[PDB]
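A.B. asks: First the structure, which I've put down as structure tokens, then a few questions once you've had a look.
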């Protein structure tokens, strides 16, 4: 009955997850060739922040409440230090649990029961496949959004729209007591976070050819 | 059948495998009890057997052990055990965001130097402890040939697990003695490099001691005034060379 | 079958290499120790690239990874 | 137990020693000392008369070479091409360079699991035989390919 | 909130005979409440024409709660209150035992009486005195009812009795 | 926290007949409760169609505690309450004893009555007088129940009754 | 401290019969209890298929104390409650006495009655009159069951009932 629908959903989701994970494993090298991160990281090993761009803003609230602007920019996530660059594995690799537990409560006896079992199995299978594809599409949109925010920060900093992050290092010599010692202490801190400039005159334009 | 689930559930729609699930439900209920016991007895037998083998093989080559571990060479002239030192290189600590601490190297005193009575050996640090067990205590027994066979193979798995556990024990012990010997030789090297303060020891010497019933002829008492430590003034450090 | 097949047979296993040695001095294709250079590309399990599955009991079958992320694929379907 | 592979994928020592026996009884020399393995091929059975042209049967031997190369876990690969003195220095150097280039190109096109592949040629600068009777039929007209097996 | 006396589908997985009281559990398989189980017991009817289950101890999983909504059962896809089992377990045994004990008594007395108008005498002997004790023991054991027994792979329909929260 | 009415597995290890109540202990074999022991006794069914065990005194080692969760056993792979035992233990023994005593009684009375129409007289003597006392003692002891006996090597499935902490 | 429901061993040296209750002693020789002695008594079961010993008075040596772990005994190598004894003690004796008294009564009455259809009459005399008193005495003494007796050279195992410190 509806148990056939449920197990069709589970089996279709698991099988499509296995298929799509083997596809992701199949296309290996060009994935990282697209989503290199280390080419974007700044000179103090700090991950660049995320920017958001919106165009042609129109808003209404009620009768006589309207707001219109051209473009809007949003700082999504602040820059921070990082040890290793992220990759696409924490964005696109779906999980894979293999269940081998079909429990049979409702059991078919007639050929009509077997036929409706078959068609419920088929439609649950297709439904689970579609759901897995939806999940993959959402994750693809998420990593695309992250990379686009990175590229937007790079272009705005090139186009003189954000203050660069300002970083101070403090140097100390040998530290510690006569039992514990360090050689050359250095503390790296960041004083100024990147932020937008609200004075448009400093912005420098560009023209191609 | 769940992998090719279309044909698997089409076969599940027929009632023959509903009958066939009943005869394997007994194995799903009864047969799952003996395997952990087989694992336990195989682990005990493997641990004991591998311990006996490794004790024999360690005792086979005992000469080179104490030959390379000459603590008596490293004994200082006041019968003082050298202390243990640790050196770390390329120190980076990331406490949190907006914050990096970096150093090139660092040094730590692990165990403080002290007087010793006898030189230690490798036997207290490397000999595997072993008593032979002779009591396989059995609570349930196999009855079919197949369950006897899987009892045998799970005994074999326990044999393998006990072997690997014993190898892990030996690896931990050899890492420990490597750590201690490396710390002592590092202390000697840095003391030669003028990085460690030498220990300082005085002796109080008195003559006739005691009453008219209890007496001692010689009376010398040795006490360390200063434990070894490192030096913060780096300017007087001497470098090295090679030709 | 035989790992040192069409050869003299296996001598022992070098655990430093994680590889067995045939009677002729050539490394066999089989591994012996788990601590050896395998080729790991495909793997099972869920809450991957996360904190792992939170081992608490729950009313629903929602499995929340220890970084706070929720895996609806590893979770059951209503 | 079944998650870890019992052996490497597609690797069989009986297969390796069988194709080794077949290659050295065909006439392609294989040197095997330590982890270092070299393969020497006569240039007459591969290329044309002082020409960078490929025979149609030679792709079978190249496929055999790729089948042998699949069975090992390598890191680096070195290809050298050597010839006889025919016209000049530069002509033979360029001919050996072109032959090494095209054979490395086909080897990389086929499924080699090598991280790094080097290719070069020199001509008649480092011979192995002073018997200089024949021309391209002479055995020092050769191509060598070597590596060290990594663990 | 559950409507006052609606019907739910469930699956019964534990079987029992109508001989000794004990806890029984069923499992609701569809609907709003999912994975819910129900323990209870049975009661013995006067005649073996049907059998019903006293199902009250409702355990819904997830939380540490145990409500006690009482519910009864009907035969699914039949909408009747009978039990799908056997009602003729011990009719013929006591019937044949009583009839044979009687026939033995009759054979002994009448073929003893027929001596007026060795081996057949021994037939008279044996049936003559083994009939009577077997007859009174058969009249003793004649009171045993025929039991019914539910099965371990049969679903059921559960009607409610009162409302819940 | 254990839900009201889940199913667990255990293994029973010591065997005894259902004749004398006493301490019997088993071991929980899987799940969260590992190696926990459980002592109790049994109860006697009215008829020989099943046999069940009442187990209440549950002790888990490691920490010094002793809970009193009471639960019963269901026969695995049948999902029923019957016990693996024999039930035909002493039916034919008392049946044959009663039948032989009656046959002796009948032989004495009818083969004495057939005297009108010495070894056969001694047969009348022996069966005539040893029939009667044996018959009344057989009717005295004929009410013997057929016992059942648990085994020392059988696992079991246990349904829960109340929750624990 | 002894946990609830464990098993230790002891040796029984003093034999006793299951007719008169009294003190019987055993000695715990293994486990943590060394040199411990034990005073108890027996109980009589319904049928002689088992026998258990009520063991309560446990004296631990070393100090002048005697703890009171009230426990039972289980047979080693069987882990069952049956006892090393015989159970056919007084079946055939009273059976043969009753049957002889019967056959005597029958011989006297039938061989006196069939005289129409001296020393043989004296045989009639003897069996006719000594059958009856022996018959009523056998009816009097028939109700004796078969006793049991523990052995003087068999070890034992002891399961625990209560905890100690």
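A.B. asks: Run the numbers on chain B and let me know its relative contact order in percent, using alpha-carbon pairs under 8 Å that are six or more apart.
C.D. replies: The normalised contact order for chain B reaches 22 percent.
A.B. asks: Ignore the peptide's own chain and count Cβ atoms of other chains within 10 Å of each Cβ in E:16-27; give me the average, rounded.
C.D. replies: For peptide E:16-27, the averaged partner shielding equals 5.
A.B. asks: Quick check: pseudo-label points 7 Å beyond the Cα along Cα→Cβ at residue B:123 and residue E:100, how many nm apart are they?
C.D. replies: According to this spin-label approximation, the distance is 8.5 nm.
A.B. asks: Let me ask another. Could you tell me which of rounded, prolate or oblate describes region A:64-209, using a ≥ b ≥ c as the square roots of the eigenvalues of the alpha-carbon gyration tensor, with rounded for a/c under 1.5 and, failing that, prolate when a/b is larger than b/c and oblate otherwise?
C.D. replies: oblate
A.B. asks: Another question, if that's okay. Can you tell me which of D:100, D:51, D:114 moves the most in a GNM of chain D? Springs connect C-alpha atoms under 10 Å apart.
C.D. replies: Evaluated over chain D, the most mobile residue of the options is D:51.
A.B. asks: Between residue B:92 and residue G:30, what is the label-point separation in nm under the 7 Å Cα-to-beta-carbon projection?
C.D. replies: 6.3
A.B. asks: Using the alpha-carbon atoms, what tilt in degrees (0 to 90, nearest 10) does helix A:111-158 show relative to the longest principal axis of chain A?
C.D. replies: 10
A.B. asks: Rank by packing, highest mean first: peptides B:123-135, F:61-73, with packing defined as the count of other Cβ atoms within 10 Å averaged across residues.
C.D. replies: F:61-73, B:123-135
A.B. asks: Let me make sure I get this right: for the protein assembly as shown, a, b and c are the square roots of the gyration tensor eigenvalues over alpha carbons, sorted descending. Under 1.5 in a/c it's rounded, otherwise prolate if a/b > b/c, else oblate. Which is it?
C.D. replies: In terms of gyration-tensor shape, prolate.
A.B. asks: Now a separate question. Going by the alpha-carbon gyration tensor, a ≥ b ≥ c the square roots of its eigenvalues, is region B:3-97 rounded (a/c under 1.5) or, if a/c is not under 1.5, prolate (a/b greater than b/c) versus oblate?
C.D. replies: Judged from the Cα gyration tensor, region B:3-97 comes out oblate (a/c at least 1.5, b/c at or above a/b).
A.B. asks: If R₀ is 41 angstrom, what is the calculated FRET efficiency for the pair residue D:18 and residue A:19, using the beta carbon separation as r and rounding to 0.05?
C.D. replies: 0.65
A.B. asks: Viscosity 1.306 mPa s, temperature 10 °C: Stokes-Einstein D of chain F from its Kirkwood Cα radius, in µm² per second?
C.D. replies: Result for D is 81 µm²/s.
A.B. asks: Helix-only estimate, please: 222 nm mean residue ellipticity of chain G, summing -39500 (n - 2.57) across DSSP H runs of length 4 or more and dividing by its residues, to the nearest 500.
C.D. replies: Counting only the DSSP helices, I get -9500 deg cm²/dmol.
A.B. asks: Taking the Cα atoms only, what angle lies between the long axis of helix D:13-26 and the longest principal axis of chain D, rounded to 10 degrees?
C.D. replies: Value to nearest ten degrees: 20.
A.B. asks: Taking a label point 7 Å from Cα toward Cβ, how far is residue E:162 from its twins in the other copies, in nm, shortest first?
C.D. replies: 2.2, 4.4
A.B. asks: I'm a student and want to see the number: the projected area of the Cα convex hull of region A:20-62, averaged over all directions, in nm².
C.D. replies: 7.0
A.B. asks: Fewest first, what order do F:111, D:72 take by the number of other Cβ atoms within 10 Å?
C.D. replies: Ordered from fewest to most neighbouring Cβ atoms within 10 Å, F:111, D:72 come out as D:72, F:111.
A.B. asks: Between residue E:66 and residue C:49, with labels modelled 7 Å along Cα→Cβ, what's the label distance in nm to one decimal, could you check?
C.D. replies: 4.6
A.B. asks: Quick check on chain D: helices-only [θ] at 222 nm, where DSSP H runs of length 4 and up contribute -39,500 (n - 2.57) each and the sum goes over total residues. Nearest 500, please.
C.D. replies: So the helix-based figure for chain D works out to -10500 deg cm²/dmol.
A.B. asks: Right, here's the next one. Relative to the first principal axis of the alpha-carbon coordinates of chain B, what is the inclination of helix B:16-29, with its axis defined by its Cα atoms, in degrees from 0 to 90 and to the nearest 10?
C.D. replies: In chain B, helix B:16-29 runs at an angle near 30 degrees to the longest axis.
A.B. asks: Report, largest value first, the span of the C-alpha coordinates of region A:81-135 along each principal axis, in whole Å.
C.D. replies: Per principal axis, max minus min of the Cα coordinates gives 65, 21, 11 Å.
A.B. asks: Hey, got the Cα dimensions of chain C along the principal axes, in Å, largest first?
C.D. replies: 60, 25, 21
A.B. asks: Hey, what number do you get for chain A at 222 nm if only DSSP H runs of n ≥ 4 count, each worth -39500 (n - 2.57), divided across all residues, to the nearest 500?
C.D. replies: Helix contribution divided over all residues of chain A: -13500 deg cm²/dmol.
A.B. asks: Still on this model: As a test of understanding, state the convex hull volume per residue of region A:129-209 from its alpha carbons, in Å³.
C.D. replies: With only Cα atoms used, region A:129-209 gives 247 Å³ per residue.
A.B. asks: Counting other C-beta atoms within 10 Å, which of B:25, F:50, D:90 has the fewest, and how do the rest follow?
C.D. replies: Ascending number of Cβ neighbours within 10 Å: D:90, B:25, F:50.
A.B. asks: Ok, one more. Can you sort A:18, B:243 by how many other beta carbons sit within 10 Å, fewest first?
C.D. replies: Going from sparsest to densest Cβ surroundings: B:243, A:18.
A.B. asks: Another question about this same structure. If you take the beta carbon distance between residue B:233 and residue A:140 as r and set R0 to 56 Å, what does 1/(1 + (r/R0)^6) give as a FRET efficiency, to the nearest 0.05?
C.D. replies: With a Förster radius of 56 Å, E is 0.40.
A.B. asks: Give the relative contact order (percent, whole number) for region D:24-151; include only Cα pairs under 8 Å separated by 6+ residues.
C.D. replies: Once normalised by length, the contact order is 38 percent.
A.B. asks: What FRET efficiency comes out for the pair residue A:42/residue D:116, r = Cβ-Cβ distance, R0 = 35 Å, nearest 0.05?
C.D. replies: 0.70
Laboratory data are not the source of any read-out in this text; all were calculated from the coordinates shown. Using ideal geometry, Cβ is built from the backbone for each residue, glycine included, and neighbour counts are taken over all protein chains shown.
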